[PDB]
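Trainee: sequence below, structure please.
(chains A, B, C, D, E and F)
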Amino acid sequence: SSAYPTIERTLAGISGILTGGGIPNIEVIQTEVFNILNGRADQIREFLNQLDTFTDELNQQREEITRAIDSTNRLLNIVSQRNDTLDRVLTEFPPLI
Amino acid sequence: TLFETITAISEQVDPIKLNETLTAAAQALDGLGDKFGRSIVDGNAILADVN
Amino acid sequence: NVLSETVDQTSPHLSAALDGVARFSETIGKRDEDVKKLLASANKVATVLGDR
Amino acid sequence: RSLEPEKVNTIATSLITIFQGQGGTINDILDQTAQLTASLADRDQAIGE
Amino acid sequence: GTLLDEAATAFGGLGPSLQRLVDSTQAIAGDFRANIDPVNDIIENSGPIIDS
Amino acid sequence: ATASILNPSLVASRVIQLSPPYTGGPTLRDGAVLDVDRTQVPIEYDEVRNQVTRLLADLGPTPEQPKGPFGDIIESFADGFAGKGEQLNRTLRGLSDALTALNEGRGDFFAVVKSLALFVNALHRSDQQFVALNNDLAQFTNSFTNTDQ
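Mentor: Numbers count the residues shown, from 1 in each chain, chains lettered A, B, ... in the order given. Structure data below:
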């Protein structure tokens, strides 16, 4: 045994969705979307293509970027552990020069 | 049948989760859509000069 | 239809991109103060170098 | 009020223009950026140091 | 229902955070375009000195 | 003023309402003529039926697309983002934090860029000079370290 939803119950569910669902936000969102895409669809498509190119070319250099990170890390560690000598130089050499 | 179908659809939509999702999206884009599109154009120019 | 096709095609390759972007963004995001201090000191030193 | 025909039509045409046949391009973007960012994040300690 | 749950999980309280993300993205992109000549100069002229 | 014809309810007597209430200024004089540009008419019921039928036929299910465009987009977005809510949330938070940190130091970063630009623009041409300088420095220091003491 069951009962079909009444028109009152159906409209009450719809009204609950409408009043408790943040509907006034939607138009705002749409407005902002309209501002993103207004006269720029071709430019956004070509930006997607250029982003594909740029990301591929960067990904082709991931090993070199990793090696540069390691090399810079080693050099900066050595200089950080010689920071004392660095400070002594920066204090005593400029007057001599 | 129409009322039953609308009721079945409406039980699925939750005002609480829909409200928070739409609130996040509206706060995300509020006042920045034109800026975001101009930034996409600027990034297009930057990539055209960098690639 | 176009949005449906795009989401169908790009879905299997999205989780790995999300994970990688999240990890690399959190690499810098948990060092915000250090990064900003680094940028300020680099601004000072690089300005000194460029002026001379 | 959110169903204004001008905004709906403009958004629809712009989405068609942007995303038509760009599934492969976006897939390549996702794959390349995933690999690059994973490689960069594997050096998290090195970047911090 | 599943899509709404996933959207709520992904966009729970990210309002201010996504707003900051979009504002930062647009500001950085605009400033980067404004200084594209120094970036091009660095990219072109860094190689000779470093390889020297 | 705008004279708009109104249908108050389902079964009613249609009226003509002068839409903007008077708040001062020039007034509508006797014998005035209002053209089609400043008049409005009700929506009518056959127009509502026609538009409902048109939208339900154009944006509804078809033999080639049994679920309809909205059913297909709902299904695709539900299947393609299933289980990625937490991943997307984490990615968005990390991106926002990192880009906010970069944006706060954006002015310093681009000052660095402009300064390194001047540096490289002034030093890039004399690269062979730098190689020669390194070699000459090595030779000059070798000139005084031929023995231990």
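
Trainee: the longest helix belonging to chain C close to chain A?
Mentor: Across chain C, the helix with the greatest residue count (assigned by DSSP state H) is helix C:32-51. No: for helix C:32-51, no contact with chain A is found by CB under 8 Å from any CB of the partner chain; the gap never falls below 11.4 Å. Using the backbone N, CA and C atoms, a C-beta is placed for each residue, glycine as well.

Trainee: residue A:10 against residue B:10, yeah?
Mentor: Yes: here residue A:10 lies in contact with residue B:10, judged by CB atoms under 8 Å, at a distance of 7.5 Å.

Trainee: now do the contacts for whichever residue of chain D sits closest to chain E.
Mentor: Among the residues of chain D, residue D:33 lies nearest to chain E; the distance is 15.3 Å by CB to the nearest CB. For residue D:33, the contacting residues are A:55, A:59, C:17, C:20-21, by CB atoms under 8 Å, 6 or more residues apart in numbering or on different chains.

Trainee: buried set for stretch A:66-85?
Mentor: Applying a neighbour-count criterion of 16 or more other CB atoms under 10 Å in any protein chain shown, the buried positions in stretch A:66-85 are A:69, A:73.

Trainee: and the next helix or strand past the host helix or strand of the residue of chain D closest to chain E?
Mentor: Secondary structure assigned from DSSP states H and E places residue D:33 in helix D:23-41. Elements were assigned by DSSP H and E; along the chain past helix D:23-41, the next helix or strand is helix D:44-48.

Trainee: report the buried residues of that following helix.
Mentor: Of the residues in helix D:44-48, those scored as buried under the neighbour-count criterion (16+ other CB under 10 Å) are D:44, D:46.

Trainee: find the residue at the geometric middle of the chain.
Mentor: Just so you know, I chose chain A. The structure's chain A has its C-alpha centroid closest to residue A:51; by CA atoms, centre = their mean the separation is 13.9 Å.

Trainee: other chain: chain D
Mentor: Note on chain D: the residue nearest the mean C-alpha position is residue D:26, at 6.3 Å, using CA atoms, centre = their mean.

Trainee: get me the contact residues on chain B for chain A.
Mentor: B:3-4, B:6-7, B:10-11, B:13, B:15-16, B:18-23, B:25-26, B:29-34, B:36-37, B:40-41, B:43-44, B:47-48, B:50-51.

Trainee: coming back round to it: just the contacts of residue D:33 now: which is nearest residue F:64?
Mentor: Proximity of these to residue F:64 (CB to CB) peaks at residue C:17, which lies at 32.2 Å.

Trainee: identify the residues contacting the closest one.
Mentor: Taking CB under 8 Å, 6+ apart as the criterion, residue C:17 is in contact with D:29-31, D:33-34, D:37.

Trainee: circling back to that earlier point, take the residues of chain B next to chain A and keep only those in helices.
Mentor: When DSSP H defines the helices, the subset of the residues of chain B next to chain A inside them is B:3-4, B:6-7, B:10-11, B:15-16, B:18-23, B:25-26, B:29, B:33-34, B:36-37, B:40-41, B:43-44, B:47-48, B:50.

Trainee: just the buried members of those?
Mentor: Looks like those have B:3, B:6-7, B:10, B:15, B:18-23, B:25-26, B:29, B:33, B:36-37, B:40-41, B:43-44, B:47, B:50 buried, using 16+ other CB under 10 Å.

Trainee: so which of these are also by chain E?
Mentor: Contacts with chain E are made by B:18, B:20-21, B:23, B:25-26, B:29, B:36, B:40, B:43, B:50 out of these, judged by CB under 8 Å from any CB.

Trainee: same list, these, but as a markdown table with distance to residue F:3 please.
Mentor: What follows is these, written out as a markdown table (distance: CB to CB, whole Å):
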| residue | distance to residue F:3 |
| --- | --- |
| B:18 | 41 |
| B:20 | 45 |
| B:21 | 44 |
| B:23 | 41 |
| B:25 | 41 |
| B:26 | 38 |
| B:29 | 40 |
| B:36 | 43 |
| B:40 | 46 |
| B:43 | 52 |
| B:50 | 61 |
